[PDB]
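These notes concern the structure reproduced below.
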Ligand SMILES: Cc1cc2nc3c(=O)[nH]c(=O)nc-3n(C[C@H](O)[C@H](O)[C@H](O)COP(=O)(O)OP(=O)(O)OC[C@H]3O[C@@H](n4cnc5c(N)ncnc54)[C@H](O)[C@@H]3O)c2cc1C
Ligand SMILES: Cc1cc2nc3c(=O)[nH]c(=O)nc-3n(C[C@H](O)[C@H](O)[C@H](O)COP(=O)(O)OP(=O)(O)OC[C@H]3O[C@@H](n4cnc5c(N)ncnc54)[C@H](O)[C@@H]3O)c2cc1C
Ligand SMILES: Cc1cc2nc3c(=O)[nH]c(=O)nc-3n(C[C@H](O)[C@H](O)[C@H](O)COP(=O)(O)OP(=O)(O)OC[C@H]3O[C@@H](n4cnc5c(N)ncnc54)[C@H](O)[C@@H]3O)c2cc1C
Ligand SMILES: Cc1cc2nc3c(=O)[nH]c(=O)nc-3n(C[C@H](O)[C@H](O)[C@H](O)COP(=O)(O)OP(=O)(O)OC[C@H]3O[C@@H](n4cnc5c(N)ncnc54)[C@H](O)[C@@H]3O)c2cc1C
Ligand SMILES: Cc1cc2nc3c(=O)[nH]c(=O)nc-3n(C[C@H](O)[C@H](O)[C@H](O)COP(=O)(O)OP(=O)(O)OC[C@H]3O[C@@H](n4cnc5c(N)ncnc54)[C@H](O)[C@@H]3O)c2cc1C
Ligand SMILES: Cc1cc2nc3c(=O)[nH]c(=O)nc-3n(C[C@H](O)[C@H](O)[C@H](O)COP(=O)(O)OP(=O)(O)OC[C@H]3O[C@@H](n4cnc5c(N)ncnc54)[C@H](O)[C@@H]3O)c2cc1C
Ligand SMILES: Cc1cc2nc3c(=O)[nH]c(=O)nc-3n(C[C@H](O)[C@H](O)[C@H](O)COP(=O)(O)OP(=O)(O)OC[C@H]3O[C@@H](n4cnc5c(N)ncnc54)[C@H](O)[C@@H]3O)c2cc1C
Ligand SMILES: Cc1cc2nc3c(=O)[nH]c(=O)nc-3n(C[C@H](O)[C@H](O)[C@H](O)COP(=O)(O)OP(=O)(O)OC[C@H]3O[C@@H](n4cnc5c(N)ncnc54)[C@H](O)[C@@H]3O)c2cc1C
Ligand SMILES: Cc1cc2nc3c(=O)[nH]c(=O)nc-3n(C[C@H](O)[C@H](O)[C@H](O)COP(=O)(O)OP(=O)(O)OC[C@H]3O[C@@H](n4cnc5c(N)ncnc54)[C@H](O)[C@@H]3O)c2cc1C
């Protein structure tokens, strides 16, 4: 676990209501990694502004770029030692599973030297769809890790569990 | 057939010249269902304004949301008892077949509890492409229904045929 | 080779730094074909303006349309005798391989009567990703041609090689 | 406590990083009150969009109005049985303590028939300023309730404590 | 009363539904003063356009300035012999009572050589709030005049009463 | 005096014609402090652009933020060792005296660990108003310093006097 | 010197940091001339707003016109008895010296009946450039006056010196 | 004269009140040349819209380009057999005389294979300025023709005279 | 040649089709200098975006400034040890030759301590114009270097030749 203290973590945020709570993960991970940055999708930004998310991490890469210049997928892909997408949408799973990259989050997956760990989150109806399962499987077959969501009173596993999943994957 | 009189129908409209005539289907289906709403893709709206389509149905969900707020896929997906996409583009077929959802129409497919019935419509050159056929097949294997288009002096089957196809699928 | 002098060539440009140099190919191909036009993706235009690219070819079809009217994929797809996408992104490969068409470049592939020849270009990390290779293969299995990039002091083969690849494919 | 199940609760959100987590309070209070609505200040909206906050309550009144029409302070002030401002800024405390109302949140305080319960939240440096304390006192002397923040590893008391404070004040 | 025929009157209009009827006062005062001008707050303008109010007086100073240049508080403050704010909001009372000036109306109070006469108007709930009364008192202690509103089938006293109140104050 | 050479100075500029000459103070103070930054109010910026003021200091914090993100009051408040507002408006005096903070300048006063030194500047009519004097007094009672303006052929004391006043206050 | 008390003075302001202090000259000249107006270049306005400069003179002619109508060079050129450009940029010197007039300031020089007096101000590197000297000379040969800048702890001569230079030139 | 019936004429219009009457020349020249097009400067367009001028000639090239693409100076310069600038401003004379080209009109002069004939028009004060005369001379020395303006109850010579001047120059 | 490895190079890009290929020079010069930055004219940016050019150098100064603030000519002029304009337009030659500076590129020439080396590029018709030659000569007489263009199957000399020309001039 102490091995991460000197690693660069990139968190890709996708469109989900649970993204609004991303600070819980972000603040918890702050003490375990060397540096943490974020890359968001358009839907994620509409839910929670990139400027808001910047109060909980070192830098936020927006799909809209900075001053009209699109951020570099190869630069952020190489910059990061670990790329974790949380939360991941059915869409992002479908795009990455099939080599499609219509936004920076999906593009970065292809440009990151290592495999990507996904933390899916979606409506139960969506979660039980054949394609999603097929997509998840395909990603695994391809080498990516897919932390399953947990049922609750479905959702993401608490920051601590998530941290452990990140550490385990980094092998 | 009289079983539908008490069902909620959601029609997803995609980018096609034939969308301009969607009122023919919409007005014909009005007497057979409890309520009919529409969800459109951006290209469909550029061809025929959502406000225009609203004169032929109960409500139109736009990709652009309402007052800047994106409409809910889980809400419209659950709201509807039957989700029928007419006309369906090669694009929508390719997205749904592979679990990709870059617009509300494709997302709703994943968020609807039941399977979706598709009414493809495209250029003959496009229709004969290997991928399209593979995509259509994959959708069927996945459980979705795909009403084939008919050749004419290719296109969609008249409102009456279409209605029958909807009724048959609802089993 | 002299057979091309009377053929219409459509070049689809995708998002890559190498697109900035597209005039080298465009000007070189000018003497071998009857007429050459271009169709670009949004990212390609942000890198090199459609108006700039218009100084090196007969016409440039933008994703943004002309006067707010989207250009026709069936019209440009049929207009062209040969459709060559250079440079091709992982994204375009992933979209075309799976029958997804979210931009004019990918849509045109489905609307062109013949198969399309692709000239991929991307970061080496991206090039070695499993999905890309799978996508490339799938395109070949589907009938499309995929000119591989070459390593250099990876990139596109010079205009002359490329021309030859176009001629060979036209059979 | 069961007396609240039939009361209308209005929550005024002000500019604070802690506003991003307002769903925790909002969702927790949902089962104890008849209906819950929100009224926000401009700074609060820049941090967390009104549309986001609308996924956790019945309605959100923005400073920007609805379709260009400013929402009514007398209407929302009278509509609500209980008006609770959480989180409250030094600014809102200073405005309300002195009868100044430059935004809907502060105006509503004057237009609500009953007294308002405040849940201050600010930087410790700000919290120890003479004026703030004087303002807090003045509000109390005026009849308003001011739930003090708690020190932690200062902040707002958990949703449950807060609920209790609301119930106690409603007397 | 005939002493006013040669005095310059400045009327500050604040945000209130009763501002819509300001012409009644404005037209009635036209024959008793040398010249009458108006200065409005943003809320007042949203209710009744400055251009509308200009049909009932000699000039209207807007918070938005003229051609992007903010109007001068010292110039309008000195220009006027009598400065009367009707209708006055709880907000304006709170700002002036405490030396705060966030808009031209409140700023002018500080820049006018003489004391200002206020004609408050607000919701009864607001009128009975402790702070308002304290603010009104403070203004009086400071030297300003505050014409109380009258109950009706609360509101402003008719133009004629108001005129008398202006004359009495001018001593 | 040489004690300041290693202190961080923050200058808050408010809306006054005298702000146009702020470079005289800014350039004079440059050799006595470790670093000097500025924070402006909206009115100050309309008079003299933040970009202009940036040619005479190390950084200028605008009310409008940077790239749409509001600057941090706690960050700039803590960053600075000494916070001096010159020129200070009646408005800023009224806001700070009463714990109201509707702009960054006033907010920073509450977020700065130490007391703030004010250099008021306004029209003589405004200066002789009861509220202003009461506000000035209240600020002093609260611990803030208020350098009075001087009459001239009223205004701010020359840069040199001002520097001395800063040094004296820093005790 | 008393001869000027009845003359119209037009001051053209160009792009220079020293323009920010133009009020020193403007206010000093106010008592010696019948009336003083200003005409600015775009760069000068970006440094110090035309509305700001209007507080120190009778009228400011902007390059942007008034309500979209370009101000008249012949009207302002004829209106003025004396046209003095302070500060003058290398650019304005180069334009006027060569009969080029791309902005109102340079155009007015050609439209003014009399010769123009220039008060150059620029970086020392720029001042020592061959072209500038040649341009200055050419202007003199043409009849215009060019008050040289003075070295200091280069810059413009104080308002008083400048006034004298204006008086001397008016012969 | 009949030699022109088969020549392409390009008329460059500059900023002058007399440009408003350009149709008189344009319509008169229509029967003597093969084709007539126009190229305008920004000031000319503000006086008389390019669309207006298009009712009196075959095509109008605007400084603003067409659909955001700047028109080609080499294309229009080569297209035309004769390039005549009427009316010509002091500015255009100064730019062309010195090899400066900040707008399409001046640039075209350099890109036209042949010499350009100018029809100056300006205020008499401007016309008597040394630089203008020097500029006119320089243009002649360079090979360009400069039809002098005539005094009237100064202005341009009637369309007929102008036509003759064009014919004479074409040798 | 190895003397340059520790020098700062500023490249000014002007409006020319050949600017699109500027990366060839930029990338080639990267290994010979300490650092390379670019300053562009408006026309150059319309042809090839500043963000594009930023992928081939350390920084790009735009005429439009950064965040609305114009970049400093004295700062970039002094920053650079060598200032080379490639490609140079007839316009830039005409402006610099005559001491006119209407854009940052031309202004920087005057603000750079040393002489500037120009690499002209234009249409042959333009190149043979008397004024251009006169302008080129004048620049030389003034001390600037002007690398002539070469005829080809006219244009700029390859990056390697250009590098040599830079080295030779640096003496
Ligand atoms: C409140 C809410 C909660 C949701 N929660 C989930 C969830 O938990 N799980 C799930 O699988 N789906 C969820 N969705 C749906 C999901 O957002 C959609 O399927 C979406 O199409 C894909 O989201 P994304 O984040 O993967 O990609 P995105 O890239 O954000 O794509 C979606 C939208 O982005 C726009 N877009 C992309 N790039 C740009 C650009 N450069 N400029 C302008 N627009 C651009 C598209 O036009 C489209 O409308 C939610 C939607 C909403 C509105
Ligand atoms: C007149 C016309 C008729 C056509 N008929 C057919 C047909 O019969 N069959 C067929 O298969 N194809 C047809 N097409 C092509 C099809 O529209 C394209 O393949 C398109 O890319 C996909 O269309 P869609 O409706 O599936 O999806 P869409 O979601 O409409 O995607 C297409 C366009 O939507 C834009 N877009 C998506 N979300 C947003 C957003 N939030 N904001 C802004 N833009 C957004 C994209 O940028 C893109 O240009 C037609 C095109 C035109 C112009
Ligand atoms: C400088 C640079 C160089 C790159 N080089 C490569 C490379 O060599 N190889 C590679 O595989 N990838 C490369 N990429 C990444 C690639 O651009 C991304 O994966 C992109 O998402 C897909 O590009 P595209 O050209 O295939 O499609 P695009 O259709 O251009 O999709 C990408 C962007 O287009 C927007 N978009 C689509 N339609 C519209 C519309 N109608 N209106 C507004 N926005 C629209 C999307 O919202 C999205 O941000 C590069 C990116 C940058 C910034
Ligand atoms: C990330 C962040 C966190 C903060 N956390 C705290 C905190 O915990 N506690 C605290 O006391 N302060 C906090 N502040 C500071 C506080 O936001 C400021 O003092 C602010 O001036 C007052 O906030 P408000 O919510 O009370 O009022 P607001 O009404 O939001 O006033 C602040 C801003 O609103 C603008 N505004 C008001 N009405 C409109 C309108 N109709 N249109 C456009 N703009 C309008 C103003 O111009 C001003 O910039 C924070 C600021 C930031 C940027
Ligand atoms: C229909 C209606 C009727 C009302 N009637 C009363 C009443 O009778 N009595 C009463 O006490 N209150 C009344 N109010 C409420 C009162 O308008 C609010 O308290 C308001 O915040 C203060 O109003 P004002 O006129 O004093 O000041 P204002 O200066 O108008 O302040 C209110 C609004 O002005 C905006 N604002 C200020 N300056 C600018 C600027 N330069 N640019 C853009 N926005 C600016 C603020 O952001 C804020 O939303 C009413 C509100 C409405 C909508
Ligand atoms: C040329 C001139 C000189 C002046 N000189 C003095 C003087 O010497 N002394 C004095 O006491 N008063 C002076 N005033 C008046 C003073 O500017 C007003 O009282 C003002 O309301 C308060 O100024 P401020 O700088 O304290 O605050 P500000 O915060 O600048 O408040 C004033 C204006 O700011 C706007 N504003 C605030 N935040 C935002 C935002 N985020 N977006 C958009 N608008 C916003 C308001 O709507 C309002 O119009 C002057 C006014 C002018 C026009
Ligand atoms: C902070 C600063 C200080 C400077 N100080 C000096 C100095 O002391 N001496 C000196 O010689 N140079 C100085 N310069 C440089 C000088 O501003 C430039 O050479 C400039 O190109 C010419 O300035 P001008 O005032 O003569 O003309 P301007 O007419 O202001 O020309 C410069 C800018 O004006 C724009 N412009 C002109 N008309 C319009 C219009 N109608 N609409 C939109 N834009 C228009 C141009 O596009 C160009 O960017 C300074 C620049 C800056 C940024
Ligand atoms: C009603 C009127 C009549 C006039 N009559 C004459 C006359 O008879 N003779 C004479 O010599 N002068 C005359 N002038 C003055 C002349 O217009 C000015 O000297 C002007 O600066 C040069 O005009 P132009 O047509 O040569 O060039 P222009 O290129 O039109 O230059 C002038 C204006 O163009 C703007 N401009 C240039 N390119 C662009 C662009 N791409 N986008 C936006 N703005 C741009 C500049 O910023 C500047 O304000 C007149 C001016 C007016 C207002
Ligand atoms: C595709 C193309 C290729 C060309 N190739 C050459 C060539 O090889 N050689 C040659 O000598 N000429 C060439 N030209 C012509 C040259 O661009 C024109 O003479 C131009 O007027 C001067 O270009 P510049 O780069 O020197 O200056 P620029 O400063 O770019 O001046 C030209 C344009 O800039 C605008 N402008 C300047 N500052 C601003 C500002 N702040 N905001 C908005 N607009 C501003 C003007 O209004 C004007 O339209 C070409 C033109 C085009 C369209």
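Chains as they are written, first to last, in the entry's author numbering: chain P, 3 to 155, 168 to 185; chain F, 3 to 155, 168 to 185; chain G, 3 to 155, 168 to 185; chain V, 3 to 155, 168 to 185; chain S, 3 to 155, 168 to 185; chain Y, 3 to 155, 168 to 185; chain C, 3 to 155, 168 to 185; chain U, 3 to 155, 168 to 185; chain Z, 3 to 155, 168 to 185.
From the three backbone atoms N, C-alpha and C, an ideal C-beta is built for every residue, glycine too.
For residue 90 (chain P), name the three-state secondary structure that DSSP assigns. Residue state, collapsed to three classes: strand.
Spatial distance of residue 34 (chain V) from residue 28 (chain V) (CA atoms): Going from the Cα of residue 34 (chain V) to the Cα of residue 28 (chain V) covers about 11 Å.
According to DSSP, is residue 102 (chain U) helix, strand or coil? Looking at residue 102 (chain U) - three-state DSSP - the assignment turns out to be coil, as it is neither helix nor strand.
Find out if the Cβ-Cβ distance for the pair residue 38 (chain C), residue 60 (chain C) is shorter than 7 Å. The answer is yes: Cβ separation under 7 Å.
Count the other C-beta atoms from every protein chain shown that fall within 10 angstroms of the C-beta of residue 155 (chain P), then say buried if there are 16 or more, exposed otherwise. With fewer than 16 other Cβ atoms within 10 Å, it is exposed.
Integer-rounded CB distance, given that residue 76 (chain G) should sit under 8 Å from residue 120 (chain G): With a contact defined as Cβ atoms closer than 8 Å, residue 120 (chain G) and residue 76 (chain G) miss out at about 20 Å.
Could you confirm whether any beta carbon from chain S is found closer than 7 Å to the beta carbon of residue 73 (chain C)? So no, residue 73 (chain C) is outside the interface.
Shorter than 7 Å from the beta carbon of residue 140 (chain P) to some beta carbon of chain F? For residue 140 (chain P), the answer is no, since every Cβ of chain F falls outside 7 Å of its Cβ.
Neighbouring residues, chain Z, relative to residue 183 (chain P) (Cβ below 8 Å): The contacting residues do not exist; residue 183 (chain P) stays about 33 Å from chain Z at best.
Please name the residue in P:173, P:168, P:63, P:19 whose C-alpha comes closest to that of residue 82 (chain P). Among P:173, P:168, P:63, P:19, the Cα nearest to that of residue 82 (chain P) belongs to P:63.
Buried or exposed: residue 93 (chain U), going by 16 or more other Cβ atoms within 10 Å of its Cβ? With a threshold of 16 other beta carbon atoms within 10 Å, residue 93 (chain U) meets it and is buried.
Helix, strand or coil, according to DSSP, for residue 31 (chain C) in the structure here? Reduced to three states, the DSSP call for residue 31 (chain C) is helix.
Does the segment 40–57 of chain U come into contact with the segment 104–114 of chain U, if we say contact requires no fewer than three beta-carbon pairs (one atom in each stretch) closer than 8 Å? Contact between the segment 40–57 of chain U and the segment 104–114 of chain U is established, with three or more Cβ pairs separated by less than 8 Å.
Which of the three DSSP states is assigned to residue 42 (chain V) in this structure? Annotated three-state conformation of residue 42 (chain V) is strand, per DSSP.
Return yes when at least one heavy atom of ligand 4 lies under 6 Å from the C-beta of residue 171 (chain V), else no. No; taking the cut-off as 6 Å, the Cβ of residue 171 (chain V) has no heavy atom of ligand 4 nearer than that.
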